[PDB]
2 protein chains.
Amino acid sequence: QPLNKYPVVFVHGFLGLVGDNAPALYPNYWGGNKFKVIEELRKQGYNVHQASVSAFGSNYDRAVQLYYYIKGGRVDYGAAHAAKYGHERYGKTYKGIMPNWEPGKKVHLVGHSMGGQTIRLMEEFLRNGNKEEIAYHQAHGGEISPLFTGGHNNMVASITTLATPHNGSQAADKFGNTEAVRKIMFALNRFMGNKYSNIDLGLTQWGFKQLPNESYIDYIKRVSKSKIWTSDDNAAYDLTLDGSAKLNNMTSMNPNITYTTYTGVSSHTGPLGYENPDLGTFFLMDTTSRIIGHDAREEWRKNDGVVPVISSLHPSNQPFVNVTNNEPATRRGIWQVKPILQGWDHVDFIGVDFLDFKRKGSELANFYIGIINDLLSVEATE
Amino acid sequence: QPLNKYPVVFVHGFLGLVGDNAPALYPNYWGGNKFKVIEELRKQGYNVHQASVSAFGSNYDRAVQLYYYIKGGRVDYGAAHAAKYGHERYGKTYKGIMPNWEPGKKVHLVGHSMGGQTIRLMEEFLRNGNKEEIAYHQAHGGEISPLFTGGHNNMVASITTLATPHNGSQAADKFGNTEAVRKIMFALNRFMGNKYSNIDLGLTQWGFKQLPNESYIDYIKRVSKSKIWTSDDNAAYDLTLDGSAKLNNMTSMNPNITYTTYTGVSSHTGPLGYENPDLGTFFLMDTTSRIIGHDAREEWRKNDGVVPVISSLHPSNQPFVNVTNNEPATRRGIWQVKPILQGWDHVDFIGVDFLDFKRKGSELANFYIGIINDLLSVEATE
Ligand SMILES: CCCCCCCCCCC/C=C\CCCCC(=O)O
Ligand SMILES: CCCCCCCCCCC/C=C\CCCCC(=O)O
Ligand SMILES: CCCCCCCCCCCC(=O)O
Ligand SMILES: CCCCCCCCCCCC(=O)O
Ligand SMILES: CCCCCCCC(=O)O
Ligand SMILES: CCCCCCCC(=O)O
Ligand SMILES: CCCCCCCC(=O)O
Ligand SMILES: CCCCCCCC(=O)O
Ligand SMILES: CCCCCC(=O)O
Ligand SMILES: CCCCCC(=O)O
Ligand SMILES: CCCCCC(=O)O
Ligand SMILES: CCCCCC(=O)O
Ligand SMILES: [Ca+2]
Ligand SMILES: [Ca+2]
Ligand SMILES: [Cl-]
Ligand SMILES: [Cl-]
Ligand SMILES: [Cl-]
Ligand SMILES: [Cl-]
Ligand SMILES: [Mg+2]
Ligand SMILES: [Zn+2]
Ligand SMILES: [Zn+2]
């Protein structure tokens, strides 16, 4: 007897590790020490979960993983996809949170940042399938994942995104996706693939798991042959303006789903009309904020630390409507864009900014309970 | 050659590590990344140095070390002192920054925080010697350090203190000096005495140095017999109200020395009249600020994070005069108390608050150059 008829699945963004897969010391992703989203919402009678998917992988890989996290089973990225990008077809295997998920039994999906993109792709696959996989299985036989078939409707009630870079971010184009920083990211992944590691950073399909009897030297040599080093099939690429536009171009509005976005601002206009980070922007986002805020295009400047406002409001090529705080958020098939949260940086959405005393736990509690109320109303107005 | 005729020696406080004795990653003590005090002042033609003395030891041990840091030589804490407290008489040996230091060759001394206390004790020793050591050498023969003899004047031109707890701090009484935290401090010292350690936290005279062939187990066993665990001859005790009052009671004014203090405030009055830390107080001082700011005695509440205003202005019951920022600070024999620096927490004085964007490098450069100007004034008005 949970208060919500459909399970709520929260989906972390880039870099996020949750649950058993978080290091020895590491912030609690959903709520920090400010408001324990999963535990508190459960205490209040809601059925909620935190998905665990690849921290460094592509929206594609993450979306497949999200599917298996919900459904249960062995991750299948698709034969065509695997062959085209050069990684394993099969990945980890998940218990499944709802082994009976199928048209009729729905789920609410809420994504922070990159999580918001991942959620869109996965629903796209359920509804319209994956044509390269359909064609490949046509040509060559074998099994095709039900995720890639198409024709699955009535499985997701709602898509809600928080500080999602629907239109990408310059912090990716000018930093995250540069050569030097991809190497840093991939080296970290190589290291955390070592044979004593208990944490999965989400690129093992690329070879980054040291065998028990393999020397580190041999490991280095083996994985430097991996295609990961030059591939676009990774998070860094997908977070770029181009990477995100590509996803926008292959997604579409499902008319039965309730769509809603939230966006934060944590910059202010300086005398030349550039944006600089507010005191209170989590300090690791200082430089990324400046890079965004000093864009040549004025409307690309205001930002939450790492995502510009124009990126987070809605996918630029998809229908939207500006909504008030008080309107029921119950319209289907159109991005309901919630009023910008002033002073909320990118990570204030998940409560991990331990340096920022203006953003209190009770505020964060209200924000999350507000999302649940909207979700309840989606249910009530079916 | 140098603009200043007398060398400036900067003396760090409690916990401070400088130069080669700082860990692989560690803040630059004098100026952070905001204004590199030693390097910049040298570039501008001033002769300046940063003393290196015990980070965890007593004002006594630190003051002896300061002497040898300047003069050069093997640290001699005194036979009477060693026997009374139960630690080695002899300590490290220093090259010496001014091997010819003697009456006639003077030095300017500037102390941050505890450094301000250490500087007072060392001048006390030069001028008046150390009675227990004089008596001990009377009774028993031996050599006595010239530091403990008394009669050495015309060696220090000036004493300037920044955020010095001249009257102690409740953050020591109610936290720093509790049993639980002395154990933490002493364990850290034991650990950093291990045979692979390249940093000296300043308590080796208590036995915290593992021998090359000693096992860690034997080391633990040996040093747990040390008197350090129950002694008052350590920084934690000296920083308490009582500990500091004892130093106050054995110091006296030198009529040739120019004395000046700076003090910061980084708390604000709440309802009820208690003080709480400003946003912008370096976050590690949050709790210590509250402890101070909630004192029963109202005049002990305003604080810089870890030292209350009333402790920093001047030693209580020593002569002082409130001074303006503009006028020459050129009086001898009396504590010239500079106007409180509004918004400056304890570590803003040394530029290491990397989270605090209100406290700019150019501001800190002005602050230091201001001190040098006063020091130049002292020289010019001899
Ligand atoms: C090391 C590279 C960082 C570069 C930043 C790239 C652009 C980021 C845009 C949006 C990020 C998406 C998910 C962010 C989740 C943040 C989670 C966390 O910090 O614990
Ligand atoms: C670990 C125990 C902390 C207890 C705090 C006791 C009160 C201290 C008052 C004044 C201390 C002297 C100097 C502070 C120097 C700051 C050095 C640094 O931040 O690297
Ligand atoms: C916080 C630790 C930073 C150390 C960076 C140096 C490591 C360079 C690359 C290492 C790659 C690997 O170990 O496989
Ligand atoms: C980051 C701090 C790690 C805390 C570990 C606690 C260890 C207890 C005291 C150790 C004493 C010693 O090793 O000599
Ligand atoms: C020594 C442990 C290293 C943990 C790496 C943290 C992964 C991340 O930033 O997502
Ligand atoms: C460098 C610290 C620990 C190294 C473990 C080596 C195990 C192995 O490779 O067989
Ligand atoms: C831009 C600054 C980067 C420094 C990283 C390590 C921080 C530390 O060791 O305190
Ligand atoms: C895990 C400890 C690594 C070095 C220990 C020193 C060994 C020795 O005392 O011979
Ligand atoms: C963001 C913090 C990561 C540090 C991981 C660890 O030290 O176990
Ligand atoms: C190959 C074994 C060495 C790697 C394990 C480690 O990094 O602790
Ligand atoms: C998102 C992490 C960025 C680190 C860049 C910096 O500290 O300037
Ligand atoms: C291994 C690092 C030791 C830190 C020394 C200090 O806190 O002053
Ligand atoms: Ca913030
Ligand atoms: Ca500060
Ligand atoms: Cl299905
Ligand atoms: Cl792993
Ligand atoms: Cl002498
Ligand atoms: Cl040592
Ligand atoms: Mg060293
Ligand atoms: Zn892939
Ligand atoms: Zn001593």
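Here is the naming used below: chain letters follow the sequence lines, and residue numbers restart at 1 for every chain. Read the numbers this way: they start at 1 and go in the same order the structure lists the ligands and their atoms.
In this structure, A/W335 has its ring center closer than 6.0 angstrom to the ring center of A/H166. Separation of the A/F125 and A/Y60 ring centroids falls under the 6.0 Å cut-off.
For B/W344, the ring-ring contact (aromatic ring centres under 6.0 Å, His included) partners are B/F349, B/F367, not counting sequence neighbours. Not a single ring-ring contact (aromatic ring centres under 6.0 Å, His included) links A/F191 to another residue, sequence neighbours left out.
Atom-to-atom distance recorded for A/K338:NZ and A/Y262:OH is 3.5 Å, nearest 0.5 angstrom. Between the CG atom in B/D345 and the CZ atom in B/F283 there is a gap of 12.0 Å [rounded to 0.5 Å]. One finds the CG atom of A/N276 at 9.0 Å from the CG atom of A/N303 (value rounded to the nearest 0.5 Å).
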What are the atom names and distances for all N or O pairs under 3.5 Å between ligand 5 and the protein?
unit_1: ligand 5; atom_1: 10 (O); unit_2: A/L15; atom_2: O; d: 3.0

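Each protein N/O/S atom under 3.0 Å from the Ca ion (ligand 13) was counted, for a total of 6.
Side-chain contact between A/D286 and A/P277 is present, with heavy atoms from C-beta onward closer than 4.5 Å.
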Q. Can A/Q117 and A/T164 be said to form a side-chain contact (heavy atoms from CB on, under 4.5 Å), step by step?
A. CA-CA 7 Å; A/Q117 289 174 311; A/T164 294; 3.9 Å; yes
